[PDB]
2 protein chains.
Amino acid sequence: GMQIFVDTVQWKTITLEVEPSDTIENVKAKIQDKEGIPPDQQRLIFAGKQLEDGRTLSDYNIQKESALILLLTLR
Amino acid sequence: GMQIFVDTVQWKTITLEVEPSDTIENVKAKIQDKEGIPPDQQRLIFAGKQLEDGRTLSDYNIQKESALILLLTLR
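Residues numbered from 1 in each chain as written, not as in the entry; some residues may be left out. Chains lettered and ligands numbered in written order. Heavy atoms only, no water. Residues with missing side-chain atoms left out of burial classes, pairs and counts.

- As recorded by the PDB entry, chain A carries the name Polyubiquitin-B and is attributed to Homo sapiens.

Here you go:
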């Protein structure tokens, strides 16, 4: 018996319970609890624009069932 | 009290137990067993060459701890 490795790229869905009053900073904290990703490495993207840590979900008119994209980079 | 979804990219490494006599076609079946991608959509790449379903791992000089690249192409 022998062993080989297969690398493939795709996506993954992280589901979060949030309030519209929540700041982006708090949303990144919820992502850290579930996935282990430190917030400074999280780039959250909605409407082709990255979201500031100061603002809230309501500020971006992010509503029920919204789909955000997470890219991981240094900053 | 609301719910939002965060889609993030996952780059995944799959570990398979195989024999060198196993065909590429069989390897794709194992990938289907583990990750659920049907073999018709699997493109396996090793040493810059795409693998024909007919040949075996020994035919491609794929040895212990060899690393393959998987690309997904639809119908």
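### A closer look at the overall build of chain A
Part 1 of the argument: Along the backbone of chain A there are 1 helix and 4 strands.
Part 2 of the argument: Shown N-terminal to C-terminal, the secondary structure of chain A runs as helices and strands in the order β-α-β-β-β.
Part 3 of the argument: A compact globule built from 75 residues should have a C-alpha radius of gyration of about 11 Å, whereas chain A, at 15 Å, is more than 25% larger.
Part 4 of the argument: Residue pairs at least 24 apart in sequence account for 52% of intrachain contacts in chain A once pairs closer than 6 positions are excluded. (Helix = DSSP H or I, 4+ residues; strand = E, 2+ residues; numbered from the N terminus. Rg over C-alpha atoms; globule rule 2.2 N^0.38 Å. Contact = heavy atoms within 4.5 Å.)

### Digging into the sheet that holds strand β3 (residues 49-50) of chain B
Part 1 of the argument: Spatially, the 8 strands line up as an open sheet ordered β3(A)-β2(A)-β4(A)-β1(B)-β1(A)-β4(B)-β2(B)-β3(B), and their pairing is mixed. Each edge of the open sheet carries a strand with a single partner, namely β3 (49-50) of chain A together with β3 of chain B.
Part 2 of the argument: Lying on the sheet, helix α1 (residues 24-35) of chain A is in contact with β1 (2-18), β2 (42-46) and β4 (67-72) of chain A together with β1 (2-18) of chain B; it crosses β1 of chain A at an angle near 140°. (Pairing = 2+ DSSP bridges. Axes fitted to C-alpha atoms, helices over the stretch in contact; angles between N-to-C directions.)

### Structural notes on the environment of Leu-71 of chain A
Part 1 of the argument: With respect to the helices, strands and loops of the structure, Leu-71 of chain A is situated in strand β4.
Part 2 of the argument: A sequence separation of 30 residues divides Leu-71 of chain A from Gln-41 of chain A, and the C-alpha atoms of the two residues are 8.2 Å apart.
Part 3 of the argument: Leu-71 of chain A has contacts with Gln-41, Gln-42, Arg-43 and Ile-45 of chain A together with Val-9 of chain B, leaving out every residue within four places of it along the chain.

### Some points on the relation of the copies chain A and chain B
Part 1 of the argument: When chain A is brought onto chain B, the operation consists of a screw motion whose angular component is 178° and whose axial shift is 0.2 Å, with 1.2 Å RMSD remaining. Both copies are brought into coincidence by an operation consistent with a two-fold rotation axis. Among all residues of chain A, the one whose C-alpha sits closest to the rotation axis is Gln-10 of chain A, at a distance of 3.1 Å.
Part 2 of the argument: Same-surface contact between copies: 94% of interface residues of chain A are shared with the interface of chain B. (Least-squares fit on C-alpha atoms.)

### Thoughts on the pattern of salt bridges
Pairs can form between side chains of opposite charge whenever their charged atoms are close.
Residues and elements named next belong to chain B.
Part 1 of the argument: On inspection of all chains with the given rule, the structure shows 7 salt bridges over all chains.
Part 2 of the argument: Here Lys-28 makes a salt bridge to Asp-53, at a shortest N to O gap of 2.6 Å. With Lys-28 in helix α1 (residues 24-35) and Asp-53 in the loop between β3 and β4 (67-72), the pair connects residues that are 25 residues apart, well separated along the chain.
Part 3 of the argument: A relative accessible area of 5% means that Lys-28 is categorised as buried.
Part 4 of the argument: For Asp-53, a relative accessible area of 35% translates into the label partly exposed. (Salt bridge = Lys/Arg side-chain N within 4 Å of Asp/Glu carboxyl O. Buried < 20%, exposed > 50% of the residue type's maximum accessible area, 1.4 Å probe, protein only.)

### Describing the interface of chain A and chain B
Part 1 of the argument: Each side of the interface is counted separately: chain A has 34 residues, and chain B has 33 residues.
Part 2 of the argument: Only β1, α1 and β4 of chain A provide two or more residues apiece to the side of chain A that touches chain B.
Part 3 of the argument: Class assignment of the residues belonging to the side of chain A that touches chain B gives a composition of 20 nonpolar, 8 polar and 6 charged.
Part 4 of the argument: Of the pairings in the sheet, the one linking β4 of chain A to β1 of chain B comprises 4 bridges and is parallel in character. In the sheet register, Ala-67 of chain A faces β1 of chain B, and the bridge partner there is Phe-5 of chain B. (Nonpolar A, V, L, I, M, F, W, Y, C, P; charged D, E, K, R; others polar.)

### Digging into α1 of chain A
Residues and elements named next belong to chain A.
Part 1 of the argument: Compared with the 16 Å implied by 1.5 Å per residue over 12 residues, the 16 Å span of α1 between its first and last C-alpha is a close match.
Part 2 of the argument: Listing the buried residues of α1 in full gives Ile-24, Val-27, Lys-28 and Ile-31. Down the axis, α1 shows its buried residues gathered within 100° of arc, on one side only. Projecting away from the buried face of α1 at angles above 90 degrees are the exposed residues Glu-25 and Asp-33. (Expected span 1.5 Å × (residues − 1). Arc of directions from axis to C-beta.)

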